[PDB]
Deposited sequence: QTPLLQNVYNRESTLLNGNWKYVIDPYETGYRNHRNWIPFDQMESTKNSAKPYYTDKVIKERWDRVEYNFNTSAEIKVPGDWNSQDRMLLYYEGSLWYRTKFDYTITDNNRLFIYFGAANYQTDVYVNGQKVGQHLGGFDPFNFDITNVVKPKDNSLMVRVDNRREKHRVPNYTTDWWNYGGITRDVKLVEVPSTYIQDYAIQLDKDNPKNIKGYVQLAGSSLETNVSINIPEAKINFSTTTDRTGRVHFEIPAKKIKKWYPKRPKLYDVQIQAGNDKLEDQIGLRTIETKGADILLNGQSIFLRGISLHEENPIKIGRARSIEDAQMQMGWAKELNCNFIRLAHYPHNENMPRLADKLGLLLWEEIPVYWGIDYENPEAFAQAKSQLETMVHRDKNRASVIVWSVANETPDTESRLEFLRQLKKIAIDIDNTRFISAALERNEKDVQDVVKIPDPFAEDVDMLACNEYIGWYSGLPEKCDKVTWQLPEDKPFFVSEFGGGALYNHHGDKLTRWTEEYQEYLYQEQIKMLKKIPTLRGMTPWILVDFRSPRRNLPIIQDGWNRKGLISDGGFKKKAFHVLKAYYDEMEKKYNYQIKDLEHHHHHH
């Protein structure tokens, strides 16, 4: 079912709360135990949610008497038992709901990692693959006024074909990780819409409205009152209409993040949105936001709440993380290795932070495998579609650290085309790697990126920090350069000499030398050092230092600033001063 645009501003019934759950490692409730075939495909299935009729009946499950779990949130941080659980878990709740007239009822999931199978009243309504991207199912025909069984199975088992697959550098947080809600919409409804400036013609707002449901030929209006902008017309059999409409509109900037109130209407459906308007482009080496030359003073960030040691999901998380970005004097954030919860780009639109958004194409994805390609494709489609009206987002990242194979090159070129054909307003990137005295990027996919993005750990994985000053970068003169990652591990309040690895002083030294090395590159235009805050990864098993944390944060797991924070902040204060500009 296509993603409903801007469910963020529709009226919802949250299903959040305490649900029933069963841990099911051998998939006893999903699969025939003898032939491994899902029950879906042919009492026993846990999704029928039966109880006994008579005292001599046998049912080896009972959601009514099962343990409870909080929704939303990762299961891992909810019990020591679930910390390392990689596998399948049944969530069950009940709700009453009477649909008005001939409206449609959707269930909308902000995210759930990794495979989700959803059942209403013992009837399958949908499946989703991808751990971080939203999804919704029309459940209209399968509900009843009282006592609805809602069964959602989430499976986070690592599998060859999944994106990501066997290893990443972050914790496998399983379960329903973001809000779950019912959404009631008219028999015909606004399904999708793009309302952004034309990259070929910034005088015009260019986009479309896509209707869905019972009768798709109806009247559609887009109203931007404060701009005196109006468009209205008829839809045809397709429910789709394109428009190129001109806009005295005040443009969106970090320092001045103007959001226009927008009204989207079709038949009986009314929908309000907050949309900022701006152009992002390349002019040789320069990055131009609305014709003005900018520098991206950025930081990398995982979707994690380190005080909770679990998945971030809320507007409160979004405020705390962005308040830290602002103490660091950032105008930009590189978000995780996956789509974060929609509060991030929504709050970034309001506060004036530019964004980079990424799908988990990470390391050894099975590039030759149609199935893997299909999962990477639906995650990117879902991500670009969700956020294509967000002024804050200026980069879609398609891959991070991928092998230089023919298999791989075609995969990334195909993903580029999928992103471009939905949205052509933003930069297409991929976080790449270098090649070694002097540093080149011969990556053929570097021809295909609007902003040349590289990861590099010269002070940390390759040589000690004195190597940074010895190094000369060799780069195309006609394209912005961007460092999508550099940094170093340090345990907060572990102090010593600057050559003692894992001390704050070593990380401080590394950032100093790293900033001196990058300041020599004339085409440098931004960086998202790794990372703003320590985050969980099961690849980081040094006792006392790591204990399952990646320690490359500028901020500790407790929320305490390390010495390196002040090195980067001071450089960013300097870059703010240099690229300081006057708004029209």
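Deposited sequence positions missing from the model - stretches, numbered from 1, in order: Absent from the structure are positions 1, 44-49, 255, 445-448, 597-605.
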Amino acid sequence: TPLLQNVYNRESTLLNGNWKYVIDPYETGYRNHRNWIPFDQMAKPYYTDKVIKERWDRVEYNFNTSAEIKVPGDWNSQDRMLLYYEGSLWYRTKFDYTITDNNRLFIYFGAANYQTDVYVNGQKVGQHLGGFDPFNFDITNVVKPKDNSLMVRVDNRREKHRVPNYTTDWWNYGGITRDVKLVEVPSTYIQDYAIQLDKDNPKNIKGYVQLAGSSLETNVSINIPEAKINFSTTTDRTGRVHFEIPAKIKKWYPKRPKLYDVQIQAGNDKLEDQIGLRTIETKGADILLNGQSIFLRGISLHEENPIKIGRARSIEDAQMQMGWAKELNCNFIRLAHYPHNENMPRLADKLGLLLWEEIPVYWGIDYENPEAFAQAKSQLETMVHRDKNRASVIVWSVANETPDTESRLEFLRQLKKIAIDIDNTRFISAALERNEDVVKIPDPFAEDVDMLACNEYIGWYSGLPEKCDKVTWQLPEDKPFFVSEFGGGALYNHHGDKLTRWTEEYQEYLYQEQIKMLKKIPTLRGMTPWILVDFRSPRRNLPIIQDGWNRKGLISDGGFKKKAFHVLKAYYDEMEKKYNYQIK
From here on, numbers count along this sequence of modelled residues.
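Which of 117-125 and 195-203 has higher mean CA B factor, as the PDB entry lists it: Result of the comparison: 195-203.
Stretch exceeding the other in mean C-alpha B-factor - 569-577, 8-16: Taking the mean C-alpha B-factor of 569-577 and of 8-16, the larger value falls to 569-577.
Per the PDB entry, maximal CA B factor within 381, 505, 469, 485: Answer for 381, 505, 469, 485: 469, with the highest C-alpha B-factor.
Given 463, 267, 87, 175, the residue at which the Cα B factor reaches its maximum: By C-alpha B-factor in the record, 267 ranks first.
Position of residue 317 among the chain's modelled residues by C-alpha B-factor, lowest, middle or highest third: Within its chain, residue 317 is a lowest-third residue by C-alpha B-factor, going by the deposited values.
Residue 537 - which third its CA temperature factor falls in, relative to the rest of the chain: Lowest third of the chain for residue 537's C-alpha B-factor.
CA B-factor ranking of residue 498, expressed as a third of its chain: Ranked within chain, residue 498 CA B lands in the middle tercile.
Assigned third (lowest, middle, highest) for the C-alpha B factor of residue 480: For residue 480, whose C-alpha B-factor we compare with every modelled residue in the chain, the answer is the highest third.
Where the record places residue 359 (Cα B-factor, split into thirds across the chain): Residue 359: CA B-factor falls in the middle third of its chain.
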